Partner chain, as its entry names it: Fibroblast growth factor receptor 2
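One chain comes next, on its own, written as structure tokens: the form deposited without its partner chain.
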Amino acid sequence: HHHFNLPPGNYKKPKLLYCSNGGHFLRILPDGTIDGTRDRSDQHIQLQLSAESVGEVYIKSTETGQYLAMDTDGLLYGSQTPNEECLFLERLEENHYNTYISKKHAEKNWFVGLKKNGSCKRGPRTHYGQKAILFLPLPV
């Protein structure tokens, strides 16, 4: 129930997921907390993406091995093991950016998103058209 415009680029190397909204890099902390930071020297912003199926990815911390995941109430968290809450539909947006929709809650359009203050957005609060959901994958 979603378009299938996919972004270029591959998953060969790790990446930083830069959010245009506030200019924060998606960060996965050791305690499982998820947020954003502007500090490019941070050791928890290096992410390795992998495709489980065409257009479906896992997003993992290279530093801690944790998987980005969105829970039943729309909150992002770091998971120690891969589960259905760790799969995201990676799509092109505005002919330029990358967006990540929770596969588990795809029917409700719950996106991975960062606010201007660097805090994560809760699933139900995200939607097409926001800058919070637009990411650019940059080399590490």
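Positions refer to the first chain, counted from 1.
Peer 1: Mean Cα B factor from the PDB record: higher for 121 to 129, or higher for 18 to 26?
Peer 2: On average, C-alpha B-factors are higher across 18 to 26.
Peer 1: Looking only at CA atoms, which has the higher mean B factor in the entry: 45 to 53 or 93 to 101?
Peer 2: Per the deposited B-factors, the answer is 45 to 53.
Peer 1: By its CA B factor, does residue 109 count among the lowest, middle or highest third of the modelled residues in the chain?
Peer 2: Answer is lowest: the recorded C-alpha B-factor places it there.
Peer 1: Which third of the chain does residue 35 land in by C-alpha B-factor: lowest, middle or highest?
Peer 2: For residue 35, whose C-alpha B-factor we compare with every modelled residue in the chain, the answer is the middle third.
Peer 1: Going by the entry, which third of its chain does the Cα temperature factor of residue 81 land in?
Peer 2: It belongs to the lowest third of the chain when residues are ordered by C-alpha B-factor.
Peer 1: Determine, from the deposited record, the chain-internal third of the Cα B-factor for residue 72: lowest, middle or highest.
Peer 2: Lowest third, going by the recorded CA B-factors of the chain.
Not pictured, yet referred to below: the form solved in complex with its partner chain.
Peer 1: With heavy atoms only and a cut-off of 4.5 Å, decide whether residue 97 touches its partner chain in the deposited complex.
Peer 2: Yes, residue 97 lies within 4.5 Å of its partner chain in the deposited complex.
Peer 1: Report yes if any heavy atom of residue 104 sits within 4.5 Å of a heavy atom of its partner chain in the deposited complex; otherwise report no.
Peer 2: Heavy-atom contact with its partner chain at 4.5 Å: absent for residue 104.
Peer 1: Given a 4.5 Å distance limit between heavy atoms, list every residue of 39 to 54 close to its partner chain in the deposited complex, or none if there are none.
Peer 2: Going through 39 to 54 in order - heavy atoms within 4.5 Å of its partner chain in the deposited complex - there is one hit, 40.
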